[PDB]
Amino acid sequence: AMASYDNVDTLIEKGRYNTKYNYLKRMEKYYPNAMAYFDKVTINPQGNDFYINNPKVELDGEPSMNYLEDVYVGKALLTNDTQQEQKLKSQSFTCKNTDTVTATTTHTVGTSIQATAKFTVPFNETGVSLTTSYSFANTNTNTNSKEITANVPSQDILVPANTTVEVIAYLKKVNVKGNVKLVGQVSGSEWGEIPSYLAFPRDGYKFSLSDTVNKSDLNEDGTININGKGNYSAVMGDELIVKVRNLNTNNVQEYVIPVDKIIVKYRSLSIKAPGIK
């Protein structure tokens, strides 16, 4: 069906209201002021099997993606005091970075029925999956993180004759933010009693959630669609960059150092400093 409800507690309360209501409306013919006692009549829920079927997290709008401030990893010099161009090698190095995700339910689906669902941050591309989860019934905040260590081998840099180059390594970072909808299909029933008072009979009851709404609002398995909301924000290490600057011309050229495998091992490049050809 097309319809979807954002508060399961409202439905549960209607079912109870209806139960109390019909109990009194039946007596109305005998006692014309019976409805005026609506507040005095007790209803005692005893159990339920309310369940949220197939809870899942769905993106609600496209993620927004912003580059964050670059992480400065280090600086080095490579000096060619020779009359021709030379292949000079940088030192190998490591750097560490933590990928994070935080996720918060902003609008529950009502408190009465517990459910959780997994969320994988989208537009990942790091090769390390980052998952958390959402609670349907509480406004919780779930975090997760993964520490990544980069092993970057020596790089080969062609330096022109009589030139020192300065090399800077830095790590780009992306922030992926957005909203989600928490969806599922509620089934089940509450049971209990309006207890007997004086001459008034006990009414042992069982009401389903699908009975508290119009027949059009139901799916073909009898369930009702529910929806909550949440959001997320993940920080991901992205591209390892090396900028090489020619100290004679002060021109700077940019290179990406690609990943080799998986601890993340990077490739060893052969790169031209500015001033070569």
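All residue numbers are counted from 1 along the displayed sequence.
Unmodelled deposited residues between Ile262 and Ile263: 10 or more, per the record. When the mean C-alpha temperature factors of 226 to 234 and 213 to 221 are read from the deposited coordinates, 213 to 221 comes out higher. When 131 to 139 is weighed against 183 to 191, 183 to 191 comes out higher, by mean CA B-factor as recorded in the entry. Taking the deposited Cα B-factors for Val244, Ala36, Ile241, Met65, the highest one is held by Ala36. Highest CA B-factor among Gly74, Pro153, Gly110, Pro201, as stated in the entry: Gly110. When the CA B factors of the chain's modelled residues are split into thirds, the value for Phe123 lands in the highest one.
Placement of the Cα temperature factor of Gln91 within the chain: middle third of the modelled residues, per the deposited record.
Ranked within its chain, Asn48 lands in the middle third, by CA B factor from the PDB record. In this PDB entry, the Cα temperature factor of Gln83 sits in the top third of its chain's modelled residues, the highest group. Annotation for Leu24: C-alpha temperature factor in the highest third relative to the rest of the modelled chain, per the entry.
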